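# Chains, contacts and geometry: an overview
Letter by letter, the chains look like this.
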Amino acid sequence: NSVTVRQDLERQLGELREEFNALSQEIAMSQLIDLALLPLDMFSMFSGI
Amino acid sequence: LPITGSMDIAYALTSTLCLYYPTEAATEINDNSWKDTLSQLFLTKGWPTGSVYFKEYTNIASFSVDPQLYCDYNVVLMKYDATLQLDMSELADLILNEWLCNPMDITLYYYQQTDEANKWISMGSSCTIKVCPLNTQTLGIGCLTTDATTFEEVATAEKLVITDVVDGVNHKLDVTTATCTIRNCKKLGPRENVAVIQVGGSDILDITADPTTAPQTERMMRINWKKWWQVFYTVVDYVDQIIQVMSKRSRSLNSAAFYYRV
Amino acid sequence: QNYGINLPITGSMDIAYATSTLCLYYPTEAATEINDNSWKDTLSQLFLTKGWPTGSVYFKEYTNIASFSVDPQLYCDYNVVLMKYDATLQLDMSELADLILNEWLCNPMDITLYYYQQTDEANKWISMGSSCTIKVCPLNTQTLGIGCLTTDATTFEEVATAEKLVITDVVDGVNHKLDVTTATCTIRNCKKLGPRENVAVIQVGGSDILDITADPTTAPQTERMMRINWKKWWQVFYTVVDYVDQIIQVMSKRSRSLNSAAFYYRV
Amino acid sequence: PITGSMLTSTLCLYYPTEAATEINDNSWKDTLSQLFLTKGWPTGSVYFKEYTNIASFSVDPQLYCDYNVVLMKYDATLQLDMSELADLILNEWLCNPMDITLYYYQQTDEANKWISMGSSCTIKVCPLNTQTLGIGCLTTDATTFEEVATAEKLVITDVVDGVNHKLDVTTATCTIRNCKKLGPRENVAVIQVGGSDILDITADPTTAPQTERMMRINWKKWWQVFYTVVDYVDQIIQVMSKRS
Amino acid sequence: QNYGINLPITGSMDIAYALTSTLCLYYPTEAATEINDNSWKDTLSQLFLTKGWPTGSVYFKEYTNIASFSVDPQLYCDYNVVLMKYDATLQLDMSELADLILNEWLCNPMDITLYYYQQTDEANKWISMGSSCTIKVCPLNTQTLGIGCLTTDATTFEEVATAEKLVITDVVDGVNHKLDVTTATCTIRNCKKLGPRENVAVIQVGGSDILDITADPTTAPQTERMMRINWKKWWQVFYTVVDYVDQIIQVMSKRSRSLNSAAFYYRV
Ligand SMILES: [Ca+2]
Ligand SMILES: [Ca+2]
Ligand SMILES: [Ca+2]
Ligand SMILES: [Ca+2]
Ligand SMILES: [Ca+2]
Ligand SMILES: [Ca+2]
Ligand SMILES: [Ca+2]
Ligand SMILES: [Ca+2]
Ligand SMILES: [Ca+2]
Ligand SMILES: [Ca+2]
Ligand SMILES: [Ca+2]
Ligand SMILES: [Ca+2]
């Protein structure tokens, strides 16, 4: 029982993309190759998100 | 396309100038043939008769309503008033820069600003803009989308406004459309056609909404003055330098308009 | 122990390498003009888009530059101070900007007993309080006043009157007797250490008038001193929110001090 | 052609009457002399000149000193006067007489200006075409001459180069000279007491240079101003060269 | 010279390497009242000079009560020794004061009328000081609805302090709270315990050793700077302090934060 709670504003997409690109530093080649070999599917992709 | 040059090779009358000035300048000069006198002096400097066009505006605010710069080179003598710093900065940002503008229909759609180069430019007799930010579910933040009295006011009976709101959030606008029109304008770059000469106080034009930058381009000049005759003699005598400061428009094409060309 | 400050760092010229808090100090004029109960909540929501999580942006309100200059406090990692230009308060703005933007190390100054002298160009006397009235009498090598009897304060040369914040600079290497009104004022002997990247100043209105150096031959305009033309406080706040990225990029939070005081006190 | 391999000076301080009136001390000159002595200036080397106003100071300012420091109190209504005075005392000028009653004058190049001083200088100019007839004015009738100054203690008039002019200066209380700006005068430095950093010492509109000899300080007490000057005298001197 | 970085420090285990400071002594008004001598500060200064402290280096600060002293205990001094009198009914007050003056706290502001607050770590507390603090908290579930309390009505909030001059609140970590501090008199800050403050030592003059400066109930560390003595005469207490100043200083150390090598590490 209260006035509708406005959902929080999410983020600016430009800066979101900037941070996402900046995350590329924390990537290990061998482990990334293993993750690429593992076939991500509708379950595996979204299970741990 | 690529333009290849050389860094060792030695490489060894058709333009119009427009002087925009306030009414009080002519009022003080008080000589019905002062424009003809200035034309002859420009001729002495090397400008054929009729190549210089004199335009009179009454005020900065009035001139700011859809400025119409129609020469190959334009020089705007803008007087200074300590209560009009933002108005002068807005006018300088409008004319010294090139804007790609599209129409905005506030009464139907919501709008947002894509990036730092995009703003809302409102012009008319009286612009009273109020804004209300919205969230993902189209509910106002700090305002009620239906009651415009709660909106946040960013202008008040302004002849010219260059409004900049937070990017990436929808807004609902309550700009008075009867006496004002608002457009979504993206700044492309510099308009080299026009130079501004502030005839007055300090150098205060901030033509960048970014708070960290207030660049002073070569086309933003300043002169102290006590006689408009002296101001105009200065402009005529140093016309060569002003033209060297300016450059011809590089804009490919835009809406057609009248021009004063040869 | 010393974080190895004495050791060197060798970096290469080729190898590719590729919750902070934000305080906003503003005058009461801004709140009055905004005239909204939840404008702080609105600005918090808008900052959330620029990436500052809720609970990280705080808004401090001060009645005037004069009042805010009375022992200003720096609370957040990034402190942005909006200063309203007033043509009659240029020196007050300069003094406040110097105090906040530059780090200071101050020692107590018991004036009823001791003569004091400025040592180098980095030393000043910073006095703060409700009303700081300072009269200085320089002394020659014999401890006699120069143009002022030591015993009588009416002959002392006034330097400040009923000022909230004073940064007094006198001739270095000469003793002074100060008849400072200690009832409502506290005066300390300070030294300027260096810039404080924690704090940035945004001046609304005006014509770029801020000298943050005692030296008259230098009026540096650092990257943290900014100016904007203004006619609506909503427009000013939207500008700050929309460009918080640039302001933070120009600032640096490593200067965050343990205490909120504008100066480091040493007894 | 010089080839290279890769305590004896006087200082003058020019202050307005307002400073002395505020200080309200009879021996402040002696106090500042002793302070300068501590700073390293032998007694008898620092002089203090007073001027009523910027307007009155602009009437033939004489700066006899190895180093000159002019404290100029800012006023928003007098920006042009401040700029004129600053240009006149910060640049070297080679001047020649002008006899408006006998000759028509023109300005050869960008360095040529007309500098006029006196109790009250009202200058009116009539440009003449190649045929020696007024443009927008009548040579016989001076009421049609265009007015470039009015009751000014100092004026630096610039007119279009290469056109003859007939002048109607009020020579009864003014004197006008044809001057050329040879360059900078490093002997003089100006400190602007308060203001907004507004000084255009170049007649060109595209240039408003801020040389090192032009300084500005925020102020609220003239004693603080003078103490600042004394304390940082070394920097002020280093900012300017030496000559008398 | 390389401030702000952490370069490894290398030293040898087989090499032999064959006054200027300032001391501040905080005591209650009861001590001065019992001593009943005007020149007692001068006498202690002379005795400290005998022990090796140049005159003018020993400051004597007087506080009326533990409760009053707890309100912003500013100790700016190379070495600080606080003689606090034990009271059986003030164990938590003594512990709070000791924690505040013996640990380093990095504090951020708290505007409880705009934000809910959660403590993210075991080192994060809410420290509130002032004339009268009355903290009342309402934990909120993931819907921002109070748990056992009503977000709209404060009277249903759960009270964790009442007219406290100083209090260090510790709520369950990771859960949002709505606070109802009496900000009209008391200010609350979100503080994080950086570590020990070597500048300050506290001597409890009275009952047993009850101070614990750790919120964790499983540990009640008794560090070097927490000392305890029995007493019947304040003159005897001060004589003990003067005579064993060397031991006290050796137990203490210069404040790490104020060392000129802490620049860009939360001081100088
Ligand atoms: Ca509203
Ligand atoms: Ca406008
Ligand atoms: Ca924007
Ligand atoms: Ca005196
Ligand atoms: Ca002040
Ligand atoms: Ca000094
Ligand atoms: Ca003049
Ligand atoms: Ca005429
Ligand atoms: Ca000329
Ligand atoms: Ca307590
Ligand atoms: Ca309950
Ligand atoms: Ca906890």
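Residues numbered from 1 in each chain as written, not as in the entry; some residues may be left out. Chains lettered and ligands numbered in written order. Part of a larger assembly, values for the part shown. Heavy atoms only, no water.

Structure determination for this PDB entry was carried out by cryo-EM, with a resolution of 2.7 Å recorded in the header.

In the numbering adopted here, UniProt assigns the feature "binding site: Ca(2+) 1" (unreviewed entry) to C:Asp36, C:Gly147, C:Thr155 and C:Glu157. Maximum C-alpha separation among the annotated residues is 56.9 Å over a sequence range of 122 residues, too wide for a single clustered spot. If you trace the backbone, C:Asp36 turns up in the loop between α1 (28-34) and α2 (39-50). Apart from the residues lying within four places of it in its own chain, the contact partners of C:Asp36 are B:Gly142 and B:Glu152. Within the secondary structure, C:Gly147 is located in the loop between β5 (123-138) and β6 (157-168). Leaving out residues up to four positions away in the same chain, C:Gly147 has contacts with C:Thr155, C:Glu157, D:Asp25, D:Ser27 and D:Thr31. (UniProt positions renumbered as here; feature names shortened; annotations may be inferred. Helix = DSSP H or I, 4+ residues; strand = E, 2+ residues; numbered from the N terminus. Contact = heavy atoms within 4.5 Å.)

Below, the discussion takes up the interface of chain A and chain C. Across the contact, 8 residues belong to chain A and 10 residues belong to chain C. Across the chain A/chain C interface, buried area totals approximately 720 Å², and carbon plus sulfur atoms make up 40% of it. It is A:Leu9, A:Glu15 and A:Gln25 that lose the most area in chain A upon contact with chain C, and together they represent 59% of the buried surface on that side. The tally of links from chain A across to chain C stands at 1 salt bridge. Here chain A and chain C share 7 residue pairs in polar contact between them. Grouping the constituent residues of the side of chain A that touches chain C by class yields 1 nonpolar, 3 polar and 4 charged. (Buried area = accessible area lost by both parts, 1.4 Å probe. Salt bridge = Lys/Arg side-chain N within 4 Å of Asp/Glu carboxyl O. Polar contact = N/O pair within 3.5 Å; in protein donor to acceptor, adjacent residues only side chain to side chain. Nonpolar A, V, L, I, M, F, W, Y, C, P; charged D, E, K, R; others polar.)

Our next topic: the UniProt feature "binding site: Ca(2+) 1" (unreviewed entry) in chain B. UniProt tags B:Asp31, B:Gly142, B:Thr150 and B:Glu152 as "binding site: Ca(2+) 1" (unreviewed entry). Residue B:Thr150 is classed as partly exposed on the basis of its relative accessible area, which comes to 33%. Not counting the four nearest positions on each side in its chain, B:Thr150 is found in contact with B:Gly142, B:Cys143 and B:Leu144. Polar side-chain contacts of B:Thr150 include one of 3.1 Å to the backbone nitrogen of B:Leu144. Within the fold, B:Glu152 resides in strand β7 (residues 152-153). Those residues within four positions of B:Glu152 in sequence are excluded, and the remaining contacts are B:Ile129, B:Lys130, B:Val131, B:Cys132, B:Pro133, B:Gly142, B:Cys143, C:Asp36, C:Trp234 and C:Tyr238. (Buried < 20%, exposed > 50% of the residue type's maximum accessible area, 1.4 Å probe, protein only.)

This part is about the coordination of the calcium ion (ligand 3). Around a metal, the idealised angle for a tetrahedral arrangement of four donor atoms is 109.5 degrees; for an octahedral arrangement of six donor atoms it is 90 or 180 degrees. Summarising the metal site, the calcium ion (ligand 3) is bound by the protein donors B:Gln113 (OE1), B:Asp164 (OD), B:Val165 (O), B:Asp167 (OD) and C:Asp242 (OD), whose distances to it range over 2.2 to 2.3 Å. With B:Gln113 in the loop between β4 (97-103) and β5 (118-127) and B:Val165 in the loop between β8 (158-163) and β9 (171-173), this residue pair connects regions lying 52 residues apart in the sequence. Considered together, B:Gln113 and B:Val165 belong to a single accessibility category, that of buried residues. (Donors = N, O, S within 2.8 Å, 3.2 Å for Na, K, Ca; no water.)

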